[PDB]
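Asker: Okay, here's the structure, questions in a sec.
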2 protein chains.
Amino acid sequence: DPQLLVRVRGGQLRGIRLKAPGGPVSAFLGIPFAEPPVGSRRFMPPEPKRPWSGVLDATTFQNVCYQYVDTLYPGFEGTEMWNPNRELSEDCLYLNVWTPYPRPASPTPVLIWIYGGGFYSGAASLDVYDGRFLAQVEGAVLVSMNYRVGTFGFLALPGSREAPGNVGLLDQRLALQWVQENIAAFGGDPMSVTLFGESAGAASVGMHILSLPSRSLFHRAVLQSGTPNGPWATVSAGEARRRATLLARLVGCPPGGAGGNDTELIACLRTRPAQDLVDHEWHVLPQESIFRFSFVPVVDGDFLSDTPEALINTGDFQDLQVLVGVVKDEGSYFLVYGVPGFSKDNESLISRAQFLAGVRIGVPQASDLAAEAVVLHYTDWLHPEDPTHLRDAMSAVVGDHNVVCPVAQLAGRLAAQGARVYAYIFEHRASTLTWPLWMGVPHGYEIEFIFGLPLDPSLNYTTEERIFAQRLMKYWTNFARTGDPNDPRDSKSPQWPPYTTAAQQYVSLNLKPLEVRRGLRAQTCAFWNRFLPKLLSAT
Amino acid sequence: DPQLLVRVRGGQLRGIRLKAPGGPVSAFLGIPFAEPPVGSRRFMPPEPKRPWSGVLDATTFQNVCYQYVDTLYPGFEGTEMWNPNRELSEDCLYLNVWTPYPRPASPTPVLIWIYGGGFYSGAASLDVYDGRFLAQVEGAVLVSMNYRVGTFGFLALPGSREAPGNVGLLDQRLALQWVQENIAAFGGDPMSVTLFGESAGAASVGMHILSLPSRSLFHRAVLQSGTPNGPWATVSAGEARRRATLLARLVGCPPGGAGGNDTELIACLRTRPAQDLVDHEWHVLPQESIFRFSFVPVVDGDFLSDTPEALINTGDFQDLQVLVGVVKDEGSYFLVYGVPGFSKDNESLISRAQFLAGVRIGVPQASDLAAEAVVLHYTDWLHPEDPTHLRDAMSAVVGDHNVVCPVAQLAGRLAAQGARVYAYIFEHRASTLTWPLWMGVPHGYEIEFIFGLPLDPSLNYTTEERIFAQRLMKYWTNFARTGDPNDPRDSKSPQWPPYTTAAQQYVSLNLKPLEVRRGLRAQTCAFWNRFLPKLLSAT
């Protein structure tokens, strides 16, 4: 079947024909995009996959990059669903392609997805990132690649030749240059590349916009629940180094009282079993905390010429179309992972003292005064001990601090600089959600919908959820083709207005039709984005 | 008429028979309570009036103490009504008495009123402090004295024998000891003395509670729109001195490059025409500001053993009944006096920059960071330039900072220490009010009502206002006799609950019946009373 047989710039491939509810889909899973970054390649910028003979099989999902695996709640769908579903391996630089069966007629727009997992975990192989529905139904050419997370992706000794950092991003950039020079053959338009990701994938998409060289490889961008500018998606060189060598040292690299040879250091590191590194991953953070990750993009003054803050602050984004948004309760999920009093198993009605402590875990960089400021802001002084309030407060400190305000800081900075921005607030809690009611709509629970999982009848969502999904898919693909999530020409009732400095408009993405709103946590985010920082830089 | 003829501990007096709408009233205006504090007596603690021969005439209002007179809006009722209505003079230590005609049967409870005017102005002679209605109607024995304001009342060189400070308070204490030993003769009960005042009079009442010796002279207390503990009702010794000598120096005291003789300094000051002092009164403040006064009670470690803060913080008020309250917009009035953009003549829709400046005038002690904090708190980040919002914000910064939060800090501190406290929010704007609508219910516009001015038909309020007034008078006199503003035994519908740490209950004093509420600006006041201070003590 020529539908499943495609010649790529480096060789032939054989896809597989998948069956989505509305029909058939072509799927080319496992395409090498680079030479496995193993052995003496570990910590190195990726290299273009060499051309192969014969017909490369591409009927299946490849190995997940090497990464920590979540224990915490073993056998629990809520956590497991995020875990690797393929074998772990340093040989994981592959991407996927879904195209409607049969290949489109003309150059369809492409949706390149970037998975997220703190920069330390994640995989395109995942169920919720099943690009079949968006290709099947909205007739889109969808691509999802794997990029090195953890030490392998980001361990860096800034200035070094052999562990220079951000290589997990270069992985994604490489997948992008491949989509450029080969998506054509799948019926995709190399001229309408729309990047889109969640958590650190969103953060990533952000970095592509902030990085010159990534510019020519995409035209539109979506950033769900995450940005390049907050407190957790980048570290300085100094800290990077501090965590590289510290990690090395715990692994015996270098052995003895040796030193001053970054090369020997990396050479040594390059011999340790992958799992040895993952084993010490979490011991290099400088404080007890949540929503903070050990190995993530570093401000090298290369891939990022300066901090994302400085960049979105003075960049020229005068033409960029960008969709951005957030969910009802970003912070909830993270509380179970480390804030005394919280669990998925009870209502986590915490004490005040617990909440006071939470604030220091959740805002680890905060001095005392700054912590005080945060407590002032989130305490309800008519009921400073209501456990239920405290509980939700904790979730807000975390969610606002890491996701919401940073989103809003980016939305506004973008708009003010030229961007056409759109914003939203996912508020629908999936019926199927396995987390406790108290977490409401946790970080990452919009994905099922954007990808169109409710369209699968076996999966069993509600018809509303299904319709909902379709609506969501429609907005995305529409922003994808046009650069406006809006019903074509067809001005079908509710409209989605561009987020603007002055009006500050965003929409409620939920079961009830679009419902425009103004100001994304405006006060709260003024707290965080405007004042808090000066407090911190004083203390 | 023996009704109008009374023998006092120091001589005979002849009252005059006044006619209130509901009947006749005995009125003994002008009773010397002390030896005129003139000449070598200036700046000195008051002395008990010597006994006189014959029949002291007391049919009229005496001279207002020496004080600045408000220009600003000449001929304008709103300001004029506060101005002296008698001749100015250092010889002004007299008090007044109103008793129902004819003298009560049995020992009626007494309401001693303390006028307020920044500690720099004011007089019992004023129209709104007409005690005839409260005596006539509620059959109360009412007393209102004059106390030295300004330099004469408070100029102090702490530690000095001749200008030791707080003498304006000693004036009031002296009036109190007189009520003690003579109110009896007017049918008043020396056993049910209820002090009650507004602005600095409230602040004063506060100081009596905080001062041991004032204790035995009163049993209940009311504090309207003012407390002893805020930012403006007390100064330290050091500042007192700094403003005494600076004032002296501007007046040529001492002349030349002389010095180190406080006595010579005061001696010299004692020769300057009263108006020479008033002339430089306003030049000793340390910063540009509003709701800040030059000469006011000083923390000498005598009349006040320590700051009012420390005192209400550790005092034993376990038995004290205290009514406390505030008006809708305390801060409004003060804005016209010095905050660029405000006037009584336009809507004062200020700019943002104006508001930013306002904040520094209105919170003169604030460092930059602290100012930032205040701006953060009062800015509406969805509309940071809406003039109308800015406008009202300014009024709130001032009103909350100086009156409301301090009231709330006192209410709570009192309650927590044993006091039985009651609280309220006057929200009715008199129909007659001559200030612009934008000031809503300005500092001091409850007085007309408590005193019962609407009962006078000529004055022409509304019947509701009249009824309202009666209600208000009822609460006061009731708190006065019982120590509970509540309808006797007669549980007549809405009840007024004690303000409590835990429930934080207060009531809406307005046209519609009592309406209990919880938390007096709880967040906002947490800002001011809890956090702001630590910010300031850091900066």
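Naming scheme: A, B, ... for chains in displayed order of the structure tokens; residues 1 onward per chain; ligands 1 onward as shown.
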Can you list, as number ranges by chain, all residues belonging to region 301-383 of chain B that DSSP tags as helix (DSSP H, G or I)?
Answerer: B: 308-314, 332-336, 352-362, 368-378
Asker: Would you export the selected residues with C-alpha atoms as a short mmCIF file (atom, residue, chain, number, x, y, z; two decimals), in the first residue's frame, please?
Answerer:
```cif
data_model
loop_
_atom_site.label_atom_id
_atom_site.label_comp_id
_atom_site.auth_asym_id
_atom_site.auth_seq_id
_atom_site.Cartn_x
_atom_site.Cartn_y
_atom_site.Cartn_z
CA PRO B 308 -0.62 53.20 73.62
CA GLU B 309 0.35 50.21 71.40
CA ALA B 310 2.23 48.50 74.22
CA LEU B 311 -0.56 49.53 76.59
CA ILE B 312 -3.59 48.16 74.76
CA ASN B 313 -1.35 45.22 74.05
CA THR B 314 -0.78 44.25 77.71
CA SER B 332 -12.24 61.62 52.30
CA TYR B 333 -12.26 64.95 54.22
CA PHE B 334 -8.48 64.92 54.66
CA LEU B 335 -7.77 64.59 50.97
CA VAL B 336 -8.84 68.15 50.12
CA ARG B 352 -2.49 57.27 38.61
CA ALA B 353 0.66 59.30 39.22
CA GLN B 354 -1.41 61.55 41.47
CA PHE B 355 -2.55 58.47 43.39
CA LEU B 356 1.06 57.26 43.58
CA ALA B 357 2.01 60.59 45.17
CA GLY B 358 -1.04 60.63 47.39
CA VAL B 359 0.19 57.40 48.91
CA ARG B 360 3.41 59.12 50.01
CA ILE B 361 1.61 62.10 51.55
CA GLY B 362 -1.02 59.92 53.16
CA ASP B 368 9.54 53.12 49.32
CA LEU B 369 9.04 49.38 49.63
CA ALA B 370 6.28 49.98 52.17
CA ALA B 371 4.69 52.52 49.86
CA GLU B 372 4.92 49.89 47.11
CA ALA B 373 3.14 47.45 49.42
CA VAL B 374 0.35 49.98 49.94
CA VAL B 375 0.05 50.65 46.24
CA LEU B 376 -0.08 46.94 45.54
CA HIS B 377 -2.81 46.57 48.04
CA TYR B 378 -5.04 49.42 46.89
#
```
Asker: Can you list, as a ChimeraX atom specification, every residue of region 250-472 of chain B that DSSP puts in strand (DSSP E)?
Answerer: /B:321-327,420-422,424-426
Asker: Each residue of chain B with at least one atom at most 8 Å from chain A should appear once, together with its nearest atom pair and the corresponding distance in Å (one decimal); atoms considered: only C-alpha atoms; ordering: chain, then increasing residue number; output as a Markdown table.
Answerer:
```
| residue | atom | partner | partner_atom | distance |
| --- | --- | --- | --- | --- |
| B:369 | CA | A:535 | CA | 7.9 |
| B:372 | CA | A:531 | CA | 7.6 |
| B:373 | CA | A:531 | CA | 7.6 |
| B:376 | CA | A:527 | CA | 7.1 |
| B:380 | CA | A:523 | CA | 6.9 |
| B:381 | CA | A:523 | CA | 5.2 |
| B:382 | CA | A:522 | CA | 5.8 |
| B:518 | CA | A:382 | CA | 7.7 |
| B:519 | CA | A:382 | CA | 6.2 |
| B:522 | CA | A:381 | CA | 5.7 |
| B:523 | CA | A:381 | CA | 5.5 |
| B:526 | CA | A:381 | CA | 7.2 |
| B:527 | CA | A:376 | CA | 7.3 |
| B:531 | CA | A:376 | CA | 7.6 |
```
Asker: Just how far from CA of residue 60 (chain A) is CA of residue 219 (chain A), in Å to one decimal?
Answerer: 29.0 Å
Asker: Which is closer to residue 236 (chain A) than all the others in A:452, A:513, A:158, A:46, using only C-alpha atoms?
Answerer: A:158
Asker: Need the shell around residue 176 (chain B): protein/DNA/RNA residues with any atom at most 9 Å away, counting only C-alpha atoms. Skip same-chain ones fewer than 5 positions apart. Format as a PyMOL selection string?
Answerer: chain B and resi 112+145+171+181+193+214+217-218
Asker: For a quick check of understanding, using only C-alpha atoms, which of A:509, A:248, A:202, A:156 has the smallest distance to residue 221 (chain A)?
Answerer: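 Checking each candidate against residue 221 (chain A), we get A:202 as the closest.
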Asker: My list of candidates is B:455, B:366, B:149, B:324. Which is closest to residue 64 (chain B) when distances are computed with only C-alpha atoms?
Answerer: B:149
Asker: Can you list, as a VMD selection string, every protein, DNA or RNA residue that comes within 8 Å of residue 70 (chain A) when you count only C-alpha atoms, leaving out same-chain residues fewer than 5 positions away?
Answerer: chain A and resid 79 to 80 83
Asker: Okay, now the selection with C-alpha atoms, as an mmCIF file, in the first residue's frame?
Answerer:
```cif
data_model
loop_
_atom_site.group_PDB
_atom_site.id
_atom_site.type_symbol
_atom_site.label_atom_id
_atom_site.label_comp_id
_atom_site.auth_asym_id
_atom_site.auth_seq_id
_atom_site.Cartn_x
_atom_site.Cartn_y
_atom_site.Cartn_z
ATOM 1 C CA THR A 79 0.093 8.688 38.145
ATOM 2 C CA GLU A 80 0.719 5.608 36.038
ATOM 3 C CA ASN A 83 4.786 6.775 33.246
#
```
Asker: Can you work out the spacing between CA of residue 106 (chain A) and CA of residue 7 (chain A) in Å, to one decimal?
Answerer: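 CA of residue 7 (chain A) lies 17.8 Å from CA of residue 106 (chain A).
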Asker: Pick out the residues sitting within 6 Å of region 316-318 of chain A, and hand them over as a PyMOL selection string; count only C-alpha atoms, and ignore anything fewer than 3 positions along from it in its own chain.
Answerer: chain A and resi 417-419
Asker: For the selection you just gave me, I'd like the residues written to a file as a short mmCIF file (atom, residue, chain, number, x, y, z; two decimals), in the first residue's frame, keeping C-alpha atoms.
Answerer:
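The new file out-v3.cif reads:
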```cif
data_model
loop_
_atom_site.label_atom_id
_atom_site.label_comp_id
_atom_site.auth_asym_id
_atom_site.auth_seq_id
_atom_site.Cartn_x
_atom_site.Cartn_y
_atom_site.Cartn_z
CA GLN A 417 5.32 43.33 22.00
CA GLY A 418 3.27 42.61 18.86
CA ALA A 419 2.04 39.08 19.34
#
```
Asker: Excluding residue 493 (chain A) and its own-chain neighbours fewer than 3 positions away, which residues fall within 10 Å of it when counting only C-alpha atoms? Please give them as a ChimeraX atom specification.
Answerer: /A:487,490,513-514
Asker: Rank nothing, just name the residue among A:288, A:104, A:98, A:229 nearest to residue 143 (chain A), using only C-alpha atoms.
Answerer: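 Using only C-alpha atoms, the shortest distance to residue 143 (chain A) belongs to A:98.
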Asker: Using only C-alpha atoms, which residues sit within 7 Å of residue 322 (chain B) once same-chain residues fewer than 6 positions away are excluded, as a list in words?
Answerer: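 Those residues are residues 220, 221, 222, 420, 421 and 422 of chain B.
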Asker: Would you save the residues of that selection, restricted to N, CA, C and O atoms, as a tab-separated table (two decimals), in the first residue's frame?
Answerer:
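After the write, selection_11.tsv holds the following:
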```
chain	number	residue	atom	x	y	z
B	220	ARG	N	-17.68	53.83	81.86
B	220	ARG	CA	-17.89	53.35	80.50
B	220	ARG	C	-17.21	54.29	79.52
B	220	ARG	O	-16.87	55.42	79.91
B	221	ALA	N	-16.96	53.91	78.28
B	221	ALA	CA	-16.27	54.74	77.30
B	221	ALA	C	-16.72	54.51	75.86
B	221	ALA	O	-16.98	53.36	75.48
B	222	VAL	N	-16.81	55.55	75.06
B	222	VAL	CA	-17.18	55.42	73.66
B	222	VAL	C	-16.04	56.08	72.87
B	222	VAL	O	-15.41	57.03	73.40
B	420	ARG	N	-15.59	44.35	77.24
B	420	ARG	CA	-16.82	43.96	76.55
B	420	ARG	C	-16.83	45.07	75.47
B	420	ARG	O	-16.87	46.24	75.87
B	421	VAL	N	-16.65	44.72	74.23
B	421	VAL	CA	-16.57	45.78	73.21
B	421	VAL	C	-17.76	45.73	72.30
B	421	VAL	O	-18.35	44.65	72.17
B	422	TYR	N	-18.21	46.80	71.68
B	422	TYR	CA	-19.32	46.77	70.72
B	422	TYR	C	-18.75	47.57	69.55
B	422	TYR	O	-17.93	48.41	69.88
```
